[PDB]
Amino acid sequence: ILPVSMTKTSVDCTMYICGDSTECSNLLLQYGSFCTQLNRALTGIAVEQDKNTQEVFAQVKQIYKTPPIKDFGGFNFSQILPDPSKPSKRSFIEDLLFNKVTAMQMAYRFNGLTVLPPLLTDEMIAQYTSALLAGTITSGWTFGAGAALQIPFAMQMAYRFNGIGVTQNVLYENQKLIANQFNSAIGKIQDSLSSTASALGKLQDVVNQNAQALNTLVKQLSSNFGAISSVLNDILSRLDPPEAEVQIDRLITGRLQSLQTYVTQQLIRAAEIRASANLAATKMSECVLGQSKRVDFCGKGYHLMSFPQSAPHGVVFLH
Amino acid sequence: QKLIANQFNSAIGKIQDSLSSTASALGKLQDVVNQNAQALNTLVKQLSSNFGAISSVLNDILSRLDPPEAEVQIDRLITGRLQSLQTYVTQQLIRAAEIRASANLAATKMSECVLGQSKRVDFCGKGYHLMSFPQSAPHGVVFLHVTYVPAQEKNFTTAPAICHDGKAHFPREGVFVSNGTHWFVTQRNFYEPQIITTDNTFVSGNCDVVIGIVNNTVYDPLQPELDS
Amino acid sequence: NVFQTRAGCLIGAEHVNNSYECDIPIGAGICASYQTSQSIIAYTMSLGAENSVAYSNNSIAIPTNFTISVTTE
Ligand SMILES: *[C@@H]1O[C@H](CO)[C@@H](O[C@@H]2O[C@H](CO)[C@@H](O)[C@H](O)[C@H]2NC(C)=O)[C@H](O)[C@H]1NC(C)=O
Ligand SMILES: *[C@@H]1O[C@H](CO)[C@@H](O[C@@H]2O[C@H](CO)[C@@H](O)[C@H](O)[C@H]2NC(C)=O)[C@H](O)[C@H]1NC(C)=O
Ligand SMILES: *[C@@H]1O[C@H](CO)[C@@H](O[C@@H]2O[C@H](CO)[C@@H](O)[C@H](O)[C@H]2NC(C)=O)[C@H](O)[C@H]1NC(C)=O
Ligand SMILES: *[C@@H]1O[C@H](CO)[C@@H](O[C@@H]2O[C@H](CO)[C@@H](O)[C@H](O)[C@H]2NC(C)=O)[C@H](O)[C@H]1NC(C)=O
Ligand SMILES: *[C@@H]1O[C@H](CO)[C@@H](O[C@@H]2O[C@H](CO)[C@@H](O)[C@H](O)[C@H]2NC(C)=O)[C@H](O)[C@H]1NC(C)=O
Ligand SMILES: *[C@@H]1O[C@H](CO)[C@@H](O)[C@H](O)[C@H]1NC(C)=O
Ligand SMILES: *[C@@H]1O[C@H](CO)[C@@H](O)[C@H](O)[C@H]1NC(C)=O
Ligand SMILES: *[C@@H]1O[C@H](CO)[C@@H](O)[C@H](O)[C@H]1NC(C)=O
């Protein structure tokens, strides 16, 4: 399991610092481009948050669809292939995942800390991971090397053994024995996903970091920073413009700094992700679309194929 | 070889136009330059901010005030400016880690792509990979990945195996194909059908196991020799 | 002339059913573009052409010919 994109955030710095107040908002202009260079930082994040989801999931130029009649030789893919019944069209296993990953946002937009929507819907991501999977099944591994080429699936596993040094005469003789072992293996994933909350603990932390970083960024409004009171509207009602300058500029310089701390946290955290969205984009090319000769890159043991499955703000491979 | 010469020499021909006619070609590199000139330019405009001081020109306050009061005013400029560098540096260290991550991916290719041949799919570019040509660029590097992409297709009926005497013949490398009459073995990624012989295939098991095996005759090179 | 997205209420762009490559991304799978008397349009992003790969258990497709393509990374 890998994180891919992190929650796209955007801060309104004029509104967070001086809440809806004229006497204060004028003062924030002296500090100048601080406000305007944050949103240049939080935009550079939110742009590559689309680039990550772009590079990982869509490496394929066309969207393939699963052929209706399934003879794979006993391999039962119904689990990982899309289900038309659900209102959103997503494979059975993805649904087990979206249930794991999960006022609060009413007190975030009031201050400025908003959440932009991701470019690609959770629905569209499910159409890619249907194609990639539908290419891997039918077309072999060549659909990423060019136009897809259909191949009998049971003959594909005969190749993917010739990679790991098991001569293909082992497959066809064992095909039924492998069908049972494969179809049962996919059977165990369901329980390990559904019965264990720590399954997505990577992704659930990627979400619990932002909701932790934004929530803390709102509590920062409660700090005096040496000012006589933390409510911007008290000081203005309680003091003259001459003295409020001394008091307010202690709040601004404090709050405006509490964003530059938040942004600096994101840029770092968004580099942590941009490093994981490469490892996810590297697998997706070298693991799903190919066969990986790299030991323990695609998981313990000799590697045959991988099945991508979308997850909230992340991706889940079945190796 | 000649057919590839024309296809290769023409491929390099197209790169020129795609480079010269499209400004977005280097848009990665041109942004790497446009970030610093954007970060430094902003770092100069920061000198125009009052930070709560009575005026933003350091030489005004000193001319306009005593040393006792200027301490109160100047230390608002310093603490502001000195912070506006710690913001700039923090931006660079992050941005220079973004690059240090890309200069590894460029150093990894240069070893595993140019100097070798990469078995890693879509690491060295879409399609099977042959070689890469590094080309310098300002504050960057530009690879020319020469890749092998199959083109024309034909539907072939295939079978995993062949019953000859009941021994199941499997291909050493390649698969069995049929144009509808004759069964041929051919290599996967290019169509070069050869006649099925005991030296194109190897023997394993029997016909009571394999699923999908088809009947045929497997030509034997030896039989016509001893028949001589 | 007010279109509704999943991202939010959009104003000033005619909705278009013709899904193209994303030009100006917006959010929740909507992309806007100035291509069209001209005006701004907005439409559901296209993922690329849909292609059914004909699949059957006895059939394989082996390429008879190739091209050498040079790509710039
Ligand atoms: C693939 O496996 C699934 C479940 O492992 C099969 O679906 C089940 O089919 C039985 C009937 O034999 C029903 O009683 C169950 O309710 C079904 N379960 C689910 C989750 O749908 C499916 O038939 C198998 N397909 C193939 C081709 O073997
Ligand atoms: C290889 O191992 C598999 C299981 O790992 C064996 O298949 C099992 O055989 C026993 C009979 O002794 C059955 O009770 C199980 O149901 C089988 N499992 C499956 C998944 O089919 C198989 O027999 C072993 N083969 C050899 C040659 O030892
Ligand atoms: C393989 O494809 C190449 C082109 O992709 C073919 O070469 C072309 O052949 C036509 C004749 O029909 C000429 O007009 C072109 O000038 C050729 N192109 C080049 C670059 O030489 C080639 O004939 C094909 N080979 C097979 C066996 O189909
Ligand atoms: C399938 O390919 C085989 C081999 O090329 C064809 O058999 C040959 O056909 C040619 C005429 O097309 C004859 O001159 C040869 O004598 C045949 N070979 C033998 C060993 O008899 C066959 O005709 C092809 N069939 C189809 C449907 O394409
Ligand atoms: C390929 O030929 C073999 C014989 O060379 C066929 O084997 C026959 O199978 C049936 C069904 O079990 C038996 O009743 C016959 O006795 C077998 N023939 C012999 C000579 O033993 C085989 O069926 C053929 N392939 C297919 C797909 O039918
Ligand atoms: C192979 O058969 C399928 C069956 O529908 C067809 O769509 C496809 O075009 C055929 N291949 C070629 C090269 O025409
Ligand atoms: C291929 O599928 C057909 C049904 O379309 C079936 O009759 C045949 O036995 C299958 N062959 C193999 C090898 O799976
Ligand atoms: C899109 O097409 C449907 C039917 O194809 C039509 O009812 C609908 O009005 C179209 N959308 C717009 C914005 O015209």
# chains A, B, ... in the order shown; residues from 1 in each chain; ligands from 1

call {"tool": "residues_near_ligand", "arguments": {"ligand": "ligand 8", "cutoff": "12 Å", "atoms": "only C-alpha atoms and all ligand atoms", "output": "PyMOL selection string"}}
result
chain C and resi 1-5+13-19+41-44

call {"tool": "write_last_selection", "arguments": {"atoms": "N, CA, C and O atoms", "output": "PDB file, in the first residue's frame"}}
result
ATOM      1  N   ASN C   1     -26.916  31.014 -17.826  1.00  0.00           N
ATOM      2  CA  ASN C   1     -25.662  30.391 -18.223  1.00  0.00           C
ATOM      3  C   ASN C   1     -24.818  30.110 -16.994  1.00  0.00           C
ATOM      4  O   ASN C   1     -23.756  30.695 -16.807  1.00  0.00           O
ATOM      5  N   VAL C   2     -25.322  29.215 -16.151  1.00  0.00           N
ATOM      6  CA  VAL C   2     -24.699  28.854 -14.887  1.00  0.00           C
ATOM      7  C   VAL C   2     -24.698  27.339 -14.776  1.00  0.00           C
ATOM      8  O   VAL C   2     -25.763  26.722 -14.693  1.00  0.00           O
ATOM      9  N   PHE C   3     -23.515  26.747 -14.746  1.00  0.00           N
ATOM     10  CA  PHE C   3     -23.357  25.305 -14.738  1.00  0.00           C
ATOM     11  C   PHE C   3     -22.966  24.827 -13.350  1.00  0.00           C
ATOM     12  O   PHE C   3     -22.286  25.531 -12.606  1.00  0.00           O
ATOM     13  N   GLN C   4     -23.413  23.630 -13.000  1.00  0.00           N
ATOM     14  CA  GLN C   4     -23.126  23.036 -11.701  1.00  0.00           C
ATOM     15  C   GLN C   4     -22.143  21.886 -11.856  1.00  0.00           C
ATOM     16  O   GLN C   4     -22.319  21.025 -12.721  1.00  0.00           O
ATOM     17  N   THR C   5     -21.124  21.870 -11.012  1.00  0.00           N
ATOM     18  CA  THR C   5     -20.123  20.817 -10.986  1.00  0.00           C
ATOM     19  C   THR C   5     -20.251  20.040  -9.689  1.00  0.00           C
ATOM     20  O   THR C   5     -21.123  20.305  -8.860  1.00  0.00           O
ATOM     21  N   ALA C  13     -19.533  29.867 -18.180  1.00  0.00           N
ATOM     22  CA  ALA C  13     -19.030  28.923 -19.161  1.00  0.00           C
ATOM     23  C   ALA C  13     -20.135  27.970 -19.569  1.00  0.00           C
ATOM     24  O   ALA C  13     -20.798  27.378 -18.714  1.00  0.00           O
ATOM     25  N   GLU C  14     -20.320  27.824 -20.874  1.00  0.00           N
ATOM     26  CA  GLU C  14     -21.339  26.932 -21.405  1.00  0.00           C
ATOM     27  C   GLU C  14     -20.925  25.479 -21.236  1.00  0.00           C
ATOM     28  O   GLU C  14     -19.823  25.093 -21.625  1.00  0.00           O
ATOM     29  N   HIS C  15     -21.809  24.671 -20.667  1.00  0.00           N
ATOM     30  CA  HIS C  15     -21.530  23.251 -20.550  1.00  0.00           C
ATOM     31  C   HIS C  15     -21.475  22.610 -21.928  1.00  0.00           C
ATOM     32  O   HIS C  15     -22.228  22.972 -22.832  1.00  0.00           O
ATOM     33  N   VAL C  16     -20.575  21.650 -22.091  1.00  0.00           N
ATOM     34  CA  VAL C  16     -20.404  20.949 -23.356  1.00  0.00           C
ATOM     35  C   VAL C  16     -20.332  19.454 -23.085  1.00  0.00           C
ATOM     36  O   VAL C  16     -19.624  19.015 -22.174  1.00  0.00           O
ATOM     37  N   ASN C  17     -21.071  18.673 -23.864  1.00  0.00           N
ATOM     38  CA  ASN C  17     -21.031  17.227 -23.713  1.00  0.00           C
ATOM     39  C   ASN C  17     -19.806  16.562 -24.313  1.00  0.00           C
ATOM     40  O   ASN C  17     -19.603  15.366 -24.080  1.00  0.00           O
ATOM     41  N   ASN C  18     -18.989  17.267 -25.083  1.00  0.00           N
ATOM     42  CA  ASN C  18     -17.932  16.612 -25.847  1.00  0.00           C
ATOM     43  C   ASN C  18     -16.677  16.547 -24.996  1.00  0.00           C
ATOM     44  O   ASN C  18     -15.982  17.548 -24.815  1.00  0.00           O
ATOM     45  N   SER C  19     -16.349  15.345 -24.543  1.00  0.00           N
ATOM     46  CA  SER C  19     -15.247  15.158 -23.613  1.00  0.00           C
ATOM     47  C   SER C  19     -13.937  15.157 -24.382  1.00  0.00           C
ATOM     48  O   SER C  19     -13.742  14.340 -25.287  1.00  0.00           O
ATOM     49  N   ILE C  41     -15.733  27.161 -22.249  1.00  0.00           N
ATOM     50  CA  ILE C  41     -16.593  26.012 -22.052  1.00  0.00           C
ATOM     51  C   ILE C  41     -16.082  25.217 -20.864  1.00  0.00           C
ATOM     52  O   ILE C  41     -15.006  25.474 -20.333  1.00  0.00           O
ATOM     53  N   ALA C  42     -16.856  24.218 -20.470  1.00  0.00           N
ATOM     54  CA  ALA C  42     -16.477  23.342 -19.379  1.00  0.00           C
ATOM     55  C   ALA C  42     -17.114  21.997 -19.635  1.00  0.00           C
ATOM     56  O   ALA C  42     -18.261  21.928 -20.077  1.00  0.00           O
ATOM     57  N   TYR C  43     -16.385  20.934 -19.340  1.00  0.00           N
ATOM     58  CA  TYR C  43     -16.855  19.619 -19.728  1.00  0.00           C
ATOM     59  C   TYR C  43     -16.209  18.575 -18.844  1.00  0.00           C
ATOM     60  O   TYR C  43     -15.206  18.833 -18.180  1.00  0.00           O
ATOM     61  N   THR C  44     -16.802  17.393 -18.841  1.00  0.00           N
ATOM     62  CA  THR C  44     -16.218  16.291 -18.100  1.00  0.00           C
ATOM     63  C   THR C  44     -14.963  15.809 -18.804  1.00  0.00           C
ATOM     64  O   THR C  44     -14.979  15.530 -20.003  1.00  0.00           O
TER      65      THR C  44
END

call {"tool": "select_by_dssp", "arguments": {"residues": "chain C", "states": "strand (DSSP E)", "output": "number ranges by chain"}}
result
C: 2-4, 9-11, 14-15, 24-27, 30-33, 41-44, 50-52, 59-61, 66-72

call {"tool": "write_last_selection", "arguments": {"atoms": "N, CA and C atoms", "output": "compact mmCIF listing (two decimals), in the first residue's frame"}}
result
# COMPACT_ATOMS: atom_id res chain seq x y z
N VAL C 2 -25.32 29.21 -16.15
CA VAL C 2 -24.70 28.85 -14.89
C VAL C 2 -24.70 27.34 -14.78
N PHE C 3 -23.52 26.75 -14.75
CA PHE C 3 -23.36 25.30 -14.74
C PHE C 3 -22.97 24.83 -13.35
N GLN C 4 -23.41 23.63 -13.00
CA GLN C 4 -23.13 23.04 -11.70
C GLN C 4 -22.14 21.89 -11.86
N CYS C 9 -20.35 25.72 -7.84
CA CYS C 9 -21.11 26.46 -8.84
C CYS C 9 -20.17 27.22 -9.74
N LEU C 10 -20.26 26.98 -11.04
CA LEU C 10 -19.46 27.66 -12.03
C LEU C 10 -20.33 28.69 -12.74
N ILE C 11 -19.73 29.80 -13.13
CA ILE C 11 -20.48 30.88 -13.75
C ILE C 11 -19.70 31.42 -14.93
N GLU C 14 -20.32 27.82 -20.87
CA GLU C 14 -21.34 26.93 -21.41
C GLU C 14 -20.92 25.48 -21.24
N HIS C 15 -21.81 24.67 -20.67
CA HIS C 15 -21.53 23.25 -20.55
C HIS C 15 -21.47 22.61 -21.93
N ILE C 24 -7.74 23.19 -19.13
CA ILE C 24 -7.57 23.85 -17.84
C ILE C 24 -8.27 22.98 -16.80
N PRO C 25 -7.55 22.27 -15.94
CA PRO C 25 -8.21 21.47 -14.92
C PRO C 25 -8.99 22.37 -13.97
N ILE C 26 -9.99 21.79 -13.33
CA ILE C 26 -10.83 22.53 -12.40
C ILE C 26 -10.91 21.76 -11.11
N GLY C 27 -11.62 20.64 -11.15
CA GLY C 27 -11.69 19.77 -10.01
C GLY C 27 -12.82 18.78 -10.18
N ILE C 30 -13.64 17.87 -13.88
CA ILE C 30 -14.14 18.84 -14.85
C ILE C 30 -12.96 19.64 -15.35
N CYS C 31 -12.94 19.91 -16.65
CA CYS C 31 -11.86 20.69 -17.22
C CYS C 31 -12.45 21.71 -18.17
N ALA C 32 -11.93 22.92 -18.13
CA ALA C 32 -12.45 24.02 -18.93
C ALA C 32 -11.44 24.41 -19.99
N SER C 33 -11.94 24.99 -21.07
CA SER C 33 -11.07 25.40 -22.16
C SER C 33 -11.71 26.54 -22.91
N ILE C 41 -15.73 27.16 -22.25
CA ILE C 41 -16.59 26.01 -22.05
C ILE C 41 -16.08 25.22 -20.86
N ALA C 42 -16.86 24.22 -20.47
CA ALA C 42 -16.48 23.34 -19.38
C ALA C 42 -17.11 22.00 -19.64
N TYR C 43 -16.39 20.93 -19.34
CA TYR C 43 -16.85 19.62 -19.73
C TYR C 43 -16.21 18.58 -18.84
N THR C 44 -16.80 17.39 -18.84
CA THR C 44 -16.22 16.29 -18.10
C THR C 44 -14.96 15.81 -18.80
N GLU C 50 -11.71 4.91 -25.56
CA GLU C 50 -12.00 3.58 -25.05
C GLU C 50 -11.72 2.55 -26.12
N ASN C 51 -11.06 1.47 -25.72
CA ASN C 51 -10.65 0.43 -26.65
C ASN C 51 -10.96 -0.92 -26.03
N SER C 52 -11.81 -1.70 -26.69
CA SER C 52 -12.05 -3.07 -26.28
C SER C 52 -10.99 -3.95 -26.93
N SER C 59 -6.69 -17.44 -29.11
CA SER C 59 -6.21 -16.49 -30.09
C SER C 59 -5.14 -15.58 -29.52
N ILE C 60 -4.10 -15.33 -30.31
CA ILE C 60 -3.00 -14.45 -29.93
C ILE C 60 -2.68 -13.56 -31.12
N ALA C 61 -2.14 -12.38 -30.84
CA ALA C 61 -1.80 -11.40 -31.86
C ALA C 61 -0.33 -11.06 -31.75
N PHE C 66 7.62 -3.42 -36.95
CA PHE C 66 7.93 -2.57 -35.82
C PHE C 66 8.35 -1.19 -36.30
N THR C 67 8.43 -0.28 -35.35
CA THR C 67 8.91 1.06 -35.61
C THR C 67 9.90 1.42 -34.52
N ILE C 68 10.88 2.24 -34.87
CA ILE C 68 11.89 2.70 -33.93
C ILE C 68 11.59 4.15 -33.62
N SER C 69 11.12 4.41 -32.41
CA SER C 69 10.69 5.74 -32.03
C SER C 69 11.66 6.32 -31.01
N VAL C 70 12.02 7.58 -31.20
CA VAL C 70 12.92 8.29 -30.29
C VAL C 70 12.10 9.28 -29.49
N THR C 71 12.09 9.11 -28.18
CA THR C 71 11.35 9.98 -27.28
C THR C 71 12.30 10.71 -26.36
N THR C 72 11.92 11.92 -25.99
CA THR C 72 12.78 12.83 -25.24
C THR C 72 12.30 12.91 -23.80

call {"tool": "interface_residues", "arguments": {"of": "chain A", "to": "chain C", "cutoff": "9 Å", "atoms": "only C-alpha atoms", "output": "PyMOL selection string"}}
result
chain A and resi 58+60-67+69-73+116-124+127-128+134-135+138-139+148-155

call {"tool": "write_last_selection", "arguments": {"atoms": "N, CA, C and O atoms", "output": "compact mmCIF listing (two decimals), in the first residue's frame"}}
result
# COMPACT_ATOMS: atom_id res chain seq x y z
N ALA A 58 -2.66 6.99 -14.49
CA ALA A 58 -2.80 6.97 -15.94
C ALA A 58 -1.41 6.98 -16.55
O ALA A 58 -0.83 8.04 -16.80
N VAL A 60 -1.48 4.76 -19.26
CA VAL A 60 -1.99 4.08 -20.44
C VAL A 60 -2.78 5.08 -21.27
O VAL A 60 -3.54 5.89 -20.72
N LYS A 61 -2.60 5.03 -22.58
CA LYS A 61 -3.20 6.02 -23.46
C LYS A 61 -4.65 5.72 -23.80
O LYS A 61 -5.33 6.60 -24.32
N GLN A 62 -5.13 4.51 -23.54
CA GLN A 62 -6.50 4.17 -23.85
C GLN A 62 -7.10 3.44 -22.66
O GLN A 62 -6.39 2.83 -21.86
N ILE A 63 -8.42 3.50 -22.56
CA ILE A 63 -9.14 2.83 -21.49
C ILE A 63 -9.71 1.54 -22.05
O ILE A 63 -10.69 1.57 -22.80
N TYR A 64 -9.12 0.42 -21.67
CA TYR A 64 -9.60 -0.88 -22.08
C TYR A 64 -10.76 -1.30 -21.19
O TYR A 64 -10.90 -0.85 -20.05
N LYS A 65 -11.62 -2.16 -21.72
CA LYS A 65 -12.73 -2.68 -20.94
C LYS A 65 -12.70 -4.19 -20.96
O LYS A 65 -12.26 -4.81 -21.94
N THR A 66 -13.17 -4.78 -19.88
CA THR A 66 -13.09 -6.22 -19.72
C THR A 66 -14.03 -6.92 -20.70
O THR A 66 -15.18 -6.50 -20.86
N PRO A 67 -13.57 -7.97 -21.38
CA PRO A 67 -14.47 -8.73 -22.24
C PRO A 67 -15.53 -9.43 -21.41
O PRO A 67 -15.26 -9.89 -20.29
N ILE A 69 -17.35 -12.35 -21.45
CA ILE A 69 -17.23 -13.76 -21.08
C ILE A 69 -15.82 -14.01 -20.56
O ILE A 69 -14.83 -13.66 -21.20
N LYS A 70 -15.74 -14.63 -19.39
CA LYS A 70 -14.47 -14.84 -18.72
C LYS A 70 -14.15 -16.33 -18.73
O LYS A 70 -14.76 -17.10 -17.99
N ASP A 71 -13.18 -16.74 -19.56
CA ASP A 71 -12.47 -17.99 -19.33
C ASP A 71 -11.00 -17.65 -19.19
O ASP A 71 -10.30 -17.39 -20.18
N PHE A 72 -10.52 -17.64 -17.95
CA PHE A 72 -9.11 -17.45 -17.66
C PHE A 72 -8.41 -18.74 -17.28
O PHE A 72 -7.24 -18.70 -16.90
N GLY A 73 -9.10 -19.87 -17.34
CA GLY A 73 -8.49 -21.12 -16.95
C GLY A 73 -8.67 -21.48 -15.51
O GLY A 73 -7.86 -22.23 -14.96
N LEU A 116 -9.35 22.04 -1.41
CA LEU A 116 -9.73 21.96 -2.80
C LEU A 116 -10.06 20.51 -3.16
O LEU A 116 -9.55 19.58 -2.53
N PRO A 117 -10.93 20.30 -4.13
CA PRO A 117 -11.22 18.95 -4.57
C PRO A 117 -10.12 18.43 -5.47
O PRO A 117 -9.54 19.20 -6.25
N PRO A 118 -9.81 17.14 -5.41
CA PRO A 118 -8.81 16.59 -6.32
C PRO A 118 -9.31 16.63 -7.75
O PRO A 118 -10.51 16.52 -8.00
N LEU A 119 -8.38 16.79 -8.69
CA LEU A 119 -8.78 16.86 -10.09
C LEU A 119 -9.50 15.60 -10.52
O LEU A 119 -10.62 15.67 -11.04
N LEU A 120 -8.89 14.45 -10.32
CA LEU A 120 -9.47 13.19 -10.74
C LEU A 120 -10.40 12.68 -9.65
O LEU A 120 -10.01 12.58 -8.49
N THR A 121 -11.64 12.37 -10.03
CA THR A 121 -12.60 11.89 -9.06
C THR A 121 -12.18 10.53 -8.53
O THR A 121 -11.39 9.82 -9.15
N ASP A 122 -12.72 10.16 -7.38
CA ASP A 122 -12.57 8.78 -6.94
C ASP A 122 -13.24 7.81 -7.91
O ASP A 122 -12.97 6.61 -7.85
N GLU A 123 -14.12 8.30 -8.77
CA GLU A 123 -14.71 7.46 -9.80
C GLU A 123 -13.76 7.25 -10.96
O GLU A 123 -13.58 6.13 -11.44
N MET A 124 -13.14 8.33 -11.45
CA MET A 124 -12.24 8.19 -12.60
C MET A 124 -11.06 7.30 -12.26
O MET A 124 -10.66 6.46 -13.07
N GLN A 127 -11.74 4.01 -13.11
CA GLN A 127 -11.73 3.62 -14.51
C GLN A 127 -10.33 3.36 -15.03
O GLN A 127 -10.15 2.56 -15.94
N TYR A 128 -9.32 4.02 -14.47
CA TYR A 128 -7.95 3.66 -14.80
C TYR A 128 -7.61 2.28 -14.28
O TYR A 128 -7.24 1.38 -15.05
N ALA A 134 -7.46 -4.46 -16.77
CA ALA A 134 -8.00 -5.13 -17.95
C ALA A 134 -6.98 -5.26 -19.06
O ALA A 134 -7.18 -6.04 -19.99
N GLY A 135 -5.90 -4.50 -19.01
CA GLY A 135 -4.81 -4.73 -19.92
C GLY A 135 -3.94 -5.87 -19.45
O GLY A 135 -3.51 -6.71 -20.24
N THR A 138 -5.96 -9.47 -20.10
CA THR A 138 -6.08 -9.94 -21.48
C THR A 138 -4.79 -9.75 -22.25
O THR A 138 -4.25 -10.71 -22.81
N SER A 139 -4.29 -8.53 -22.29
CA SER A 139 -3.28 -8.17 -23.27
C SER A 139 -1.87 -8.55 -22.85
O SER A 139 -0.92 -8.22 -23.56
N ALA A 148 -2.08 -2.68 -27.35
CA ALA A 148 -2.27 -3.94 -26.65
C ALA A 148 -2.36 -5.09 -27.64
O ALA A 148 -2.81 -4.94 -28.77
N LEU A 149 -1.92 -6.26 -27.19
CA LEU A 149 -1.96 -7.48 -27.99
C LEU A 149 -2.64 -8.56 -27.18
O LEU A 149 -2.09 -9.00 -26.16
N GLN A 150 -3.80 -9.02 -27.62
CA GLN A 150 -4.49 -10.03 -26.84
C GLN A 150 -3.69 -11.31 -26.82
O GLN A 150 -2.99 -11.65 -27.78
N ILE A 151 -3.76 -12.01 -25.70
CA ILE A 151 -3.08 -13.28 -25.53
C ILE A 151 -3.93 -14.15 -24.62
O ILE A 151 -4.58 -13.63 -23.71
N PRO A 152 -3.98 -15.46 -24.82
CA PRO A 152 -4.70 -16.31 -23.88
C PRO A 152 -4.07 -16.21 -22.51
O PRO A 152 -2.86 -16.38 -22.37
N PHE A 153 -4.89 -15.95 -21.50
CA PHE A 153 -4.33 -15.65 -20.19
C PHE A 153 -3.50 -16.82 -19.68
O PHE A 153 -2.35 -16.65 -19.29
N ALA A 154 -4.07 -18.02 -19.70
CA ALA A 154 -3.31 -19.18 -19.24
C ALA A 154 -2.00 -19.33 -19.98
O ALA A 154 -1.08 -19.97 -19.46
N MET A 155 -1.88 -18.78 -21.18
CA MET A 155 -0.59 -18.74 -21.84
C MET A 155 0.27 -17.60 -21.35
O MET A 155 1.48 -17.63 -21.55

call {"tool": "closest_atom_pairs", "arguments": {"of": "chain B", "to": "ligand 3", "cutoff": "7 Å", "atoms": "only C-alpha atoms and all ligand atoms", "output": "JSON lines"}}
result
{"residue": "B:3", "atom": "CA", "partner": "ligand 3", "partner_atom_place_in_ligand_line": "21 (O)", "distance": 5.1}
{"residue": "B:6", "atom": "CA", "partner": "ligand 3", "partner_atom_place_in_ligand_line": "20 (C)", "distance": 5.2}
{"residue": "B:7", "atom": "CA", "partner": "ligand 3", "partner_atom_place_in_ligand_line": "20 (C)", "distance": 4.9}

call {"tool": "residues_near_ligand", "arguments": {"ligand": "ligand 6", "cutoff": "6 Å", "atoms": "only C-alpha atoms and all ligand atoms", "output": "CSV table (one decimal) with N, CA, C and O atoms, in the first residue's frame"}}
result
chain,number,residue,atom,x,y,z
B,153,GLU,N,-0.3,-5.9,-36.6
B,153,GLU,CA,-0.7,-7.0,-35.9
B,153,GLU,C,-1.4,-8.0,-36.8
B,153,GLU,O,-1.9,-7.6,-37.8
B,154,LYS,N,-1.5,-9.3,-36.4
B,154,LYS,CA,-2.3,-10.3,-37.0
B,154,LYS,C,-2.9,-11.2,-36.0
B,154,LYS,O,-2.2,-11.7,-35.1
B,155,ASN,N,-4.2,-11.5,-36.1
B,155,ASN,CA,-4.8,-12.5,-35.2
B,155,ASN,C,-4.3,-13.8,-35.6
B,155,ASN,O,-4.4,-14.2,-36.8
C,54,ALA,N,-10.2,-7.4,-28.1
C,54,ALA,CA,-10.9,-8.7,-28.3
C,54,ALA,C,-10.1,-9.8,-27.7
C,54,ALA,O,-9.0,-10.0,-28.0

call {"tool": "atom_distance", "arguments": {"atom1": "CA of residue 304 (chain A)", "atom2": "CA of residue 145 (chain B)"}}
result
27.0 Å

call {"tool": "select_by_dssp", "arguments": {"residues": "region 17-189 of chain B", "states": "helix (DSSP H, G or I)", "output": "JSON, numbers by chain"}}
result
{"B": [17, 18, 19, 20, 23, 24, 25, 26, 27, 28, 29, 30, 31, 32, 33, 34, 35, 36, 37, 38, 39, 40, 41, 42, 43, 44, 45, 46, 47, 48, 58, 59, 60, 61, 62, 63, 64, 67, 68, 69, 70, 71, 72, 73, 74, 75, 76, 77, 78, 79, 80, 81, 82, 83, 84, 85, 86, 87, 88, 89, 90, 91, 92, 93, 94, 95, 96, 97, 98, 99, 100, 101, 102, 103, 104, 105, 106, 107, 108, 109, 110, 111, 112, 113, 114]}

call {"tool": "closest_residue", "arguments": {"among": "A:141, A:75, A:302, A:57", "to": "chain B", "atoms": "only C-alpha atoms"}}
result
A:141

call {"tool": "interface_residues", "arguments": {"of": "chain B", "to": "chain A", "cutoff": "7 Å", "atoms": "only C-alpha atoms", "output": "count of residues only"}}
result
18

call {"tool": "residues_near_ligand", "arguments": {"ligand": "ligand 5", "cutoff": "10 Å", "atoms": "only C-alpha atoms and all ligand atoms", "output": "list in words"}}
result
residues 162, 163, 164, 165, 166, 207, 208, 211, 212, 213, 214, 215 and 216 of chain B

call {"tool": "closest_residue", "arguments": {"among": "A:188, A:74, A:111, A:43", "to": "ligand 7", "atoms": "only C-alpha atoms and all ligand atoms"}}
result
A:74

call {"tool": "interface_residues", "arguments": {"of": "chain B", "to": "chain C", "cutoff": "9 Å", "atoms": "only C-alpha atoms", "output": "number ranges by chain"}}
result
B: 4, 7-8, 11-12, 14-15, 25, 124-127, 132, 141-160, 177, 186-192, 212

call {"tool": "residues_near_ligand", "arguments": {"ligand": "ligand 4", "cutoff": "6 Å", "atoms": "only C-alpha atoms and all ligand atoms", "output": "PyMOL selection string"}}
result
chain B and resi 179-182
